[PDB]
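These notes are about the structure you will find just below.
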Amino acid sequence: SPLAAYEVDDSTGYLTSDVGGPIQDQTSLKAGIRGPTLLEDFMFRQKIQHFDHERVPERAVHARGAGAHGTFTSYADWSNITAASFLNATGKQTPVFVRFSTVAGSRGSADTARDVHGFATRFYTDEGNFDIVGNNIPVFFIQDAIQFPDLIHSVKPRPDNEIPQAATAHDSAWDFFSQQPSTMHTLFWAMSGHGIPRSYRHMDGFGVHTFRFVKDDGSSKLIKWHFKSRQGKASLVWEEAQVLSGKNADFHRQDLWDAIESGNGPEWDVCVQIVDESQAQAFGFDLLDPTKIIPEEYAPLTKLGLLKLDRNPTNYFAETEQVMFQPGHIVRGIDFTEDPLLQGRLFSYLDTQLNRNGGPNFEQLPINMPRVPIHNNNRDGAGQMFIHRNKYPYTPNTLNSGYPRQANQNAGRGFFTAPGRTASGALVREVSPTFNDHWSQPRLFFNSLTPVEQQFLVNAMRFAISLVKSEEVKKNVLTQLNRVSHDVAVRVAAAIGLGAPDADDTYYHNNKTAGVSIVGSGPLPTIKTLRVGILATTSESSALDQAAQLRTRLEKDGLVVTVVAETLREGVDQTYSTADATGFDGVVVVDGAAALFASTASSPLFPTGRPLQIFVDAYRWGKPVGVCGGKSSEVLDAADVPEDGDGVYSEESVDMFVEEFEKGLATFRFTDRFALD
Amino acid sequence: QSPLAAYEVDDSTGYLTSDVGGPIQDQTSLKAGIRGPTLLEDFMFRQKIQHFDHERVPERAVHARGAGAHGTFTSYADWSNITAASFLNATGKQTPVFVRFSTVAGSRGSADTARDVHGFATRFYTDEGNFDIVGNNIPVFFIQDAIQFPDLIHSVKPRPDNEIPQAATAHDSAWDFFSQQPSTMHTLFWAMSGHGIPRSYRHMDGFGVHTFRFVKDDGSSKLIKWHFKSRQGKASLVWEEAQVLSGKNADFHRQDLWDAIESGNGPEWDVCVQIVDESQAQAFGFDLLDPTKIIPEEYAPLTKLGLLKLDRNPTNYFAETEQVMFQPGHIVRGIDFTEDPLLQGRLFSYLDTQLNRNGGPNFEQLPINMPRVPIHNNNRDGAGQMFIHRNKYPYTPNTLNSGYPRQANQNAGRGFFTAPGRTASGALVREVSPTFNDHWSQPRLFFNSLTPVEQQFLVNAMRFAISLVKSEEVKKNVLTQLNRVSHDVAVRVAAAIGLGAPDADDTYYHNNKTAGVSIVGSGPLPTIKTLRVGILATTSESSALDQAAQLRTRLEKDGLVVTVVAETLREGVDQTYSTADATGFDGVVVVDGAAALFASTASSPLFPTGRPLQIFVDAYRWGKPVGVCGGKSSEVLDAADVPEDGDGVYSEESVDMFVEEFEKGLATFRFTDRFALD
Amino acid sequence: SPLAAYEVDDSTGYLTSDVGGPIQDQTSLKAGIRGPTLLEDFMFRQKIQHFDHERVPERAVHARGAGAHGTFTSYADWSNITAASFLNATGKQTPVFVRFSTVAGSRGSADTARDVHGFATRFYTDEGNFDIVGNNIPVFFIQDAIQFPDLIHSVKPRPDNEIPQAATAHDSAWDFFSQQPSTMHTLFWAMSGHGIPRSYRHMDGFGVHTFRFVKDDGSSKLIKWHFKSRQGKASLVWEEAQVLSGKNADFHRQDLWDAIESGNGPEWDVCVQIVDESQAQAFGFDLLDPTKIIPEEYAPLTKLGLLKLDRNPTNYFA
Ligand code: HEM
Ligand code: HEM
Ligand code: HEM
Ligand SMILES: [Ca+2]
Ligand SMILES: [Ca+2]
Ligand SMILES: [Ca+2]
Ligand SMILES: [Ca+2]
Ligand SMILES: [Ca+2]
Ligand SMILES: [Ca+2]
Ligand SMILES: [Ca+2]
């Protein structure tokens with residue numbers, strides 16, 4: 001409804017051309033009933049021309065994504081730290097649109113690739129659109145925007161054959177990573193569970209760069225943006241993510257869409273670290289360096305307000321595909337820093353919309369329009385929608401009484417550059433030596449994961465680097481990993497038949513920081529929307545009765561229940577043929593269905609062994625699993641699952657089963673099922 | 001104008017903002033120190049300059065030079081008896097219009113008063129969809145098949161090695177094409193007449209050119225020609241006037257239209273048709289599918305359908321005039337195409353060319369292109385998509401959107417439908433109908449139907465144009481074609497270029513004439529409102545200014561645009577001699593108090609030597625009503641070598657008597673006895 | 001001939017599609033001799049699509065202009081003041097392309113409007129393309145690039161009716177000039193004969209901005225570019241310019257084209273003023289200010305080499 005003024009209703013009426021002439025569109029005009037098609041058929045040509053021209057260029061990066069409408073609510077009057085109008089009163093509401101994405105894949109690539117993820121937020125503020133174009137990882141691969149095409153060429157498919165679409169699993173990517181050691185920190189994040197988040201709702205957003213908050217009095221503070229998920233942090237496991245990339249390439253957009261439709265619209269606390277201008281070089285690194293975090297121990301998070309996504313788009317193309325974010329969409333109360341990565345982005349996002357939109361009036365697209373008046377002397381250009389009344393669009397003028405008026409620090413609530421900002425020195429294409437430690441923070445991150453988490457990251461690196469054909473690249477990779485951790489280099493090297501180089505302890509240390517572990521972030525604060533697959537059978541009325549009883553008690557607590565059986569009927573959502581363990585956060589077998597789990601079981605209605613495969617996959621990927629009804633050992637023995645296993649449930653009582661199982665869904669993953677080196 | 005009103009942006013108050021509503025400045029770049037380099041992070045600089053860098057769109061492939069205005073069409077009757085068309089279905093029914101007038105060959109910025117064919121494109125924003133009649137001021141076209149359009153247009157546009165010259169009809173390639181493609185002769189004769197240099201957009205007619213069909217709700221059809229007949233009357237420039245006006249005021253026609261509308265003198269046309277039976281396609285001595293032919297009015301009279309009035313200027317020229325995208329494909333139920341091969345191919349071109357101009361497929365969403373009725377269709381996405389479509393099942397046939405939108409056809413939904421009587425029979429051919437082969441009779445009919453002096457103006461336009469052709473061989477080929485229309489024309493043209501005309505070839509010669517194609521013959525203007533009177537005065541004689549004031553009052557009440565001219569501006573003086581020229585006026589009056597300025601000793605640092613007399617003598621030589629108000633009128637006329645007995649020369653002591661006579665002169669408009677004949 | 005590798009010859013042969021299929025292009029394919037045109041007529045659609053898409057956007061400024069090929073010849077080894085390879089040896093030749101232009105008018109506006117004029121030179125150097133994008137007047141209207149759209153909106157036609165095409169003869173232009181006094185120096189040049197030059201060949205070219213010459217040792221000097229006409233300076237008179245705008249809108253492009261075809265290819269001495277970094281504020285104004293000239297009495301011209309235009313284009317558009 002925030003874009004209701006642009007909506008077109010086709011629930012009634014006769015087909016028209018784009019100029020409102022009623023027409024047909026089902027049969028071409030022909031010279032006789034078996035004749036050739038006539039050039040004078042305007043109905044044909046106008047419809048096919050539109051179809052022919054439907055597609056626009058995909059985004060150069062973050063081509064794969066999904067968006068939703070929502071509201072931002074301020075917790076306070078933040079005048080004391082920023083002039084930003086959207087933050088100036090307790091409870092002040094501002095409409096938002098968010099797009100989540102992967103980075104490397106083209107617009108049809110699977111959601112559950114291993115990748116960095118985007119988290120872009122537009123605030124339609126009463127002083128203009130403000131965009132925070134962030135990622136789910138707080139540090140970037142590179143220290144200077146000029147290097148972005150080198151990064152993205154190296155991670156994107158090899159340009160002779162456009163193979164492979166596995167961003168982190170080919171020679172060219174590891175060549176870049178190993179020759180550009182700045183990459184180590186973001187690389188360690190991408191090789192962790194942060195590279196395969198369970199959903200958009202179960203990851204954070206980060207501005208990455210230091211920005212400024214600027215008060216009306218002109219004073220400034222340095223800030224980092226942190227959008228902290230109220231759903232909690234969760235990952236897939238790789239073995240799961242690969243299958244899910246085939247069974248459901250749309251998994252993350254469907255999870256978000258379903259959460260909003262079910263009234264479970266995801267929430268983030270929008271937070272900042274605030275530090276003084278004097279602390280730019282005080283934390284043992286440069287706040288202008290986007291490869292570095294400020295440990296929460298040095299600067300705590302201040303909660304500014306609530307971000308809630310609660311409305312799906314009406315038309316995906318018009319809203320999600322066409323949304324054009326820019327870090328240059330800035331408001332009074334915010335300013336840039338001399339982060340050489342941020343500095344260059346400001347150019348890129350204004351320029352790239354010419355490519356996507358095919359013309360300069362992209363801010364006039366409904367999704368890009370602000371919610372306040374526009375007063376400027378911008379004119380003409382392809383696709384001009386506005387009819388400007390002012391016939392003297394120049395400053396300075398008298399013929400339009402000197403309107404529009406210049407807005408600045410002192411008049412018209414103008415944007416203004418933080419007036420304490422200076423530059424001094426040579427005009428240089430030189431890197432600050434303050435940027436030169438590429439390895440300490442990667443080690444900080446690694447140090448801050450749990451032992452099983454550390455194993456998962458080593459395993460992601462073993463997987464990816466084992467696919468690199470070049471022996472010289474694999475050696476260069478072990479040289480860089482070794483500068484972060486000798487142990488990581490030895491464990492990765494073991495997988496690929498190379499020796500790790502000798503320990504180089506220059507950057508080694510045992511410092512740790514809170515808030516970067518997924519496994520370590522404890523049970524989820526809510527299980528609403530989590531997916532329970534109930535494996536039943538049509539062959540036993542009592543199996544369906546057990547399933548209906550389990551459904552009622554699970555749905556009461558807001559879980560999404562799928563009853564699976566051989567065929568569809570009342571109370572069965574999916575067939576075994578379409579069901580998979582990647583479809584569920586937990587799997588329950590009703591003991592009336594135990595016959596389906598025998599090695600002997602066979603049906604033309606589903607692939608050999610499908611019922612037991614769903615159970616075994618779910619167990620092996622660490623999910624809560626169990627048998628409800630009391631007769632558990634036929635199913636558990638066929639699955640090779642121990643009855644006494646953590647996150648393995650066997651109860652006769654539906655009530656006791658669900659109370660135990662719901663604890664399992666909160667735990668989310670049972671990490672004792674994964675081997676350690 | 002719902003879509004146009006909704007998109008209007010008022011900047012009469014407020015602080016400068018970005019396109020996303022963030023208040024900003026735009027006067028100083030952000031720099032690393034007061035004498036420092038400009039910063040990349042200056043988003044205010046880049047958004048403003050990016051917009052500026054992208055302001056321009058491709059000009060139209062043809063008709064690039066033009067001007068537009070809003071108005072209203074009012075039907076005179078319920079025309080159900082001849083057409084299903086909803087805009088014509090009731091007495092007094094009003095439909096908003098937008099019209100764009102144009103030249104053909106010139107680029108943007110080329111002068112209005114080039115010798116050229118002119119566009120007259122009319123959009124009817126009807127209650128059953130937008131209906132465009134994309135016409136010209138000349139009722140016949142150069143060529144008989146749309147596939148030839150790039151050949152014609154390459155030949156008339158500047159030579160592509162050096163892009164010289166801008167003069168469409170005055171270079172080798174144009175005459176090469178005309179002489180090798182004899183279909184061109186009829187349109188060529190029109191463009192070489194006064195129709196090539198109209199006095200204004202308001203003083204020319206509009207023509208559909210092609211035969212179209214009127215289709216009734218019973219499926220029956222008739223063949224029609226569109227004629228928009230000026231209520232201002234037909235009038236031309238003279239060539240030497242046009243050439244000077246091209247330099248003094250390249251915006252003459254757009255300014256004339258703008259000024260007429262602002263003054264409450266919005267131009268009008270009777271929208272008319274010739275209506276003939278399908279059985280008459282080949283009855284009139286030529287093929288109605290041939291766009292090089294008119295139906296003589298003597299064979300098929302004009303029926304007045306309604307009133308076209310232009311009465312509102314655009315708010316933003318670029319957004320409305322430059323972006324308006326006309327299409328003969330914009331047709332409504334009750335109208336149908338014919339198998340005219342020129343029309344047939346147009347239908348493809350205008351849909352395709354808007355992709356070039358707009359840079360994307362959503363050009364019908366621009367406010368000027370939008371309809372005034374709801375749009376229901378399954379067209380989706382594309383660059384610049386401005387709609388948010390609620391229907392998530394945009395396919396036919398569907399159940400998931402309850403089968404909407406519904407198909408519209410002859411039976412239901414007031415669907416467009418092809419005239420059900422239309423058939424095709426025969427081989428699939430790239431062959432020209434032999435019924436199209438007479439390229440010379442109608443050019444001769446047109447030539448025959450002009451007055452003797454009008455024939456001289458046409459001979460003289462060809463003498464001018466053909467004399468600039470460098471190729472002797474192209475000039476000979478031209479005489480060969482002209483000779484097939486009229487031996488006399490070929491003899492008279494040949495004299496100017498030092499060649500002999502070929503021997504008479506009487507195959508296509510005849511003495512038939514037709515009413516309604518002559519300008520010189522069309523009689524006095526039915527109104528003199530908007531016509532321009534230059535009063536030549538002096539600041540050096542209070543009596544000269546009083547005379548000019550008394551004339552101004554007396555002429556302005558009759559709706560004439562009066563310019564008092566003197567050495568310097570003051571109260572009552574609109575213009576200096578320095579900026580004034582005879583091309584700025586329809587009539588020129590000298591007040592006898594100004595007599596002293598019309599001598600040969602003359603001279604002022606405030607205007608070129610001889611300017612005041614040059615304005616009067618140019619006015620006389622170009623056929624305009626000219627006169628002296630005073631009583632020493634005797635004298636000044638002698639200075640100018642202008643005879644007092646002269647038709648359209650005035651000489652009256654009384655202001656009241658001077659004006660009465662002078663105003664008859666303005667209606668006569670041109671005094672053609674001032675032009676030498678062969 | 002410097003672009004000979006890209007030339008297409010149609011002095012012989014049979015008509016083909018863009019993919020080399022021999023075709024015809026004079027009659028549409030119809031369902032019978034008096035029939036409607038067929039959609040399957042690919043000869044028609046490929047030809048008319050090309051025609052329909054011939055036009056590109058005109059330049060936002062300097063839309064009206066004309067170009068020619070030529071040669072630049074260095075008079076010396078300029079190592080002493082610049083590392084620039086095209087200046088590194090006596091007699092070193094570099095191909096050039098030059099375009100001359102007005103500023104305000106659209107691409108079919110008369111050459112002889114009163115206006116500033118463009119003089120844009122490309123040196124196709126052995127160390128890359130070097131462009132000097134200059135005007136025939138050495139000073140600009142405005143002191144900051146962010147003001148360009150204000151200047152150009154004010155001098156271009158009024159945007160309600162696109163009237164008038166006379167850059168310097170309407171309210172908005174004079175409103176801008178009177179509110180933005182920086183415009184006075186360029187305005188005086190545009191109101192002199194410099195606003196209506198006799199030809200592109202009878203005007204000079206100016207870089208306008210102070211640039212730097214940088215030696216291979218890293219030392220720098222401040223320079224102004226001055227292209228000095230070997231044909232001499234000449235103007236029209238205004239009344240003449242106005243008539244010529246109607247009688248021959250192509251007058252300057254024709255003058256240039258004819259001079260080249262007659263073997264009178266126009267020449268300029270490419271010159272610089274060279275001053276020290278320390279003199280940025282020494283001449284009574286700031287060298288960073290593009291509304292100011294360095295008087296020749298303060299800094300004489302140095303001749304660097306010869307610019308000669310001697311070859312017309314083959315295809316104007318391309
Ligand atoms: C901190 C580093 C970065 C972050 C967090 C980031 C984030 C993002 C995100 C989230 C998107 C997708 C926005 C959407 O969903 O529509 C995006 C797109 C894009 N980014 Fe960045 N980015 C970063 C660095 C860069 C750099 C250094 C460049 C270029 C120099 C760049 C150029 C682009 C381009 C061209 C697009 C496509 C934008 C569009 O089509 O609208 N990014 N980025
Ligand atoms: C009876 C013959 C014709 C008439 C009366 C005619 C009339 C016109 C008019 C008045 C315009 C200007 C519309 C405006 O003001 O925006 C125009 C534009 C155009 N015409 Fe035609 N025309 C004719 C034949 C053709 C043919 C045969 C072709 C191509 C095969 C053609 C292609 C075009 C194109 C490409 C444009 C530019 C359209 C645009 O950019 O909107 N015309 N024509
Ligand atoms: C000393 C000041 C300037 C001079 C001498 C100058 C000169 C020129 C010339 C000669 C051209 C035409 C080049 C050609 O023949 O193709 C041109 C085009 C252009 N100028 Fe400038 N100019 C100046 C300042 C500016 C400024 C301040 C801006 C914008 C911030 C600007 C933007 C442009 C644009 C957009 C074009 C069209 C370029 C193209 O389409 O290729 N100019 N200028
Ligand atoms: Ca590779
Ligand atoms: Ca994990
Ligand atoms: Ca494009
Ligand atoms: Ca020629
Ligand atoms: Ca039909
Ligand atoms: Ca003005
Ligand atoms: Ca002079």
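If you're wondering about the labels, chains in the structure tokens are A, B, ... by order shown, residues count from 1 in each chain, ligands from 1 in order shown.
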
Compile the contact shell of residue 39 (chain A) as an mmCIF file with C-alpha atoms, in the first residue's frame: residues with an atom at most 8 Å away, counting only C-alpha atoms, same-chain residues fewer than 2 positions apart removed.
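The resulting file, around_1.cif, is shown below:
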```cif
data_model
loop_
_atom_site.group_PDB
_atom_site.id
_atom_site.type_symbol
_atom_site.label_atom_id
_atom_site.label_comp_id
_atom_site.auth_asym_id
_atom_site.auth_seq_id
_atom_site.Cartn_x
_atom_site.Cartn_y
_atom_site.Cartn_z
ATOM 1 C CA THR A 37 0.546 -12.944 -40.851
ATOM 2 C CA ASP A 41 -1.460 -6.497 -37.108
ATOM 3 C CA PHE A 42 -0.677 -3.822 -34.450
ATOM 4 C CA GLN B 344 1.107 -0.692 -44.597
ATOM 5 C CA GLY B 345 4.836 -0.181 -43.832
ATOM 6 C CA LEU B 347 2.430 0.747 -39.165
ATOM 7 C CA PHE B 348 5.753 -1.066 -38.398
ATOM 8 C CA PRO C 36 -1.472 -6.057 -47.582
ATOM 9 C CA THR C 37 2.266 -6.282 -46.630
ATOM 10 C CA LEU C 38 3.457 -9.523 -44.950
ATOM 11 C CA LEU C 39 5.176 -9.765 -41.525
#
```

Chain A near ligand 4 within 7 Å: what's each residue's closest atom pair and its distance in Å to one decimal, counting only C-alpha atoms and all ligand atoms, ordered by chain then ascending residue number, as a tab-separated table?
```
residue	atom	partner	partner_atom_place_in_ligand_line	distance
A:157	CA	ligand 4	1 (Ca)	6.7
A:158	CA	ligand 4	1 (Ca)	4.8
A:170	CA	ligand 4	1 (Ca)	4.6
A:171	CA	ligand 4	1 (Ca)	4.2
A:172	CA	ligand 4	1 (Ca)	4.0
A:173	CA	ligand 4	1 (Ca)	6.7
```

### Task
Could you list, as a list in words, the residues of chain C having an atom within 7 Å of chain A when counting only C-alpha atoms?
residues 31, 36, 37, 38, 39, 150, 153, 154, 158, 159, 160, 172, 175, 176, 179 and 180 of chain C

Any chance you could export the current selection's C-alpha atoms as a PDB file, in the first residue's frame?
```pdb
ATOM      1  CA  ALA C  31      -0.568 -10.978 -50.361  1.00  0.00           C
ATOM      2  CA  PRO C  36      -1.472  -6.057 -47.582  1.00  0.00           C
ATOM      3  CA  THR C  37       2.266  -6.282 -46.630  1.00  0.00           C
ATOM      4  CA  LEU C  38       3.457  -9.523 -44.950  1.00  0.00           C
ATOM      5  CA  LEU C  39       5.176  -9.765 -41.525  1.00  0.00           C
ATOM      6  CA  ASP C 150      22.545  26.849 -14.897  1.00  0.00           C
ATOM      7  CA  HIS C 153      19.624  26.215 -19.330  1.00  0.00           C
ATOM      8  CA  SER C 154      19.697  30.094 -19.274  1.00  0.00           C
ATOM      9  CA  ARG C 158      12.978  28.891 -22.856  1.00  0.00           C
ATOM     10  CA  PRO C 159      11.869  25.357 -21.846  1.00  0.00           C
ATOM     11  CA  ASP C 160       8.053  25.873 -22.055  1.00  0.00           C
ATOM     12  CA  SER C 172      16.765  34.109 -19.217  1.00  0.00           C
ATOM     13  CA  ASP C 175      18.978  37.251 -16.135  1.00  0.00           C
ATOM     14  CA  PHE C 176      21.849  34.724 -15.672  1.00  0.00           C
ATOM     15  CA  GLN C 179      23.002  37.703 -11.551  1.00  0.00           C
ATOM     16  CA  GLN C 180      26.332  35.835 -12.226  1.00  0.00           C
TER      17      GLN C 180
END
```

### Query
What's the 10 Å shell around region 269-281 of chain A, counting only C-alpha atoms, without same-chain residues fewer than 6 positions away, as JSON, numbers by chain?
{"A": [72, 73, 74, 75, 81, 204, 205, 206, 207, 210, 211, 212, 213, 219, 220, 221, 222, 223, 224, 225, 226, 227, 228, 229, 230, 287, 288, 289, 294, 295, 296, 298, 299, 300, 301, 302, 303, 304, 305, 306, 307, 308, 420, 421, 434]}

### Residue contacts of residue 49 (chain C) (10 Å, only C-alpha atoms) excluding same-chain residues fewer than 4 positions away, as a PyMOL selection string
(chain B and resi 348-350+352-353+356) or (chain C and resi 44-45+53-54)

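With only C-alpha atoms taken into account, the protein and nucleic acid residues at most 9 Å from residue 149 (chain B) (excluding it and anything under 3 positions from it in its own chain) are residues 143, 145, 146, 152, 153, 154 and 342 of chain B; 48 and 51 of chain C.
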
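Taking only C-alpha atoms and all ligand atoms into account, ligand 6 has within 7 Å the residues residues 358 and 359 of chain A; 359 and 360 of chain B.
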
### Message
Would you compute the distance between CA of residue 363 (chain B) and CA of residue 325 (chain B)? Give it in Å to one decimal.
### Response
7.7 Å

### Task
Name the residues in contact with residue 196 (chain C) at a cut-off of 10 Å, using only C-alpha atoms, excluding same-chain residues fewer than 6 positions from it; report them as a ChimeraX atom specification.
/C:102,111-117,190,203,234-238,240-242
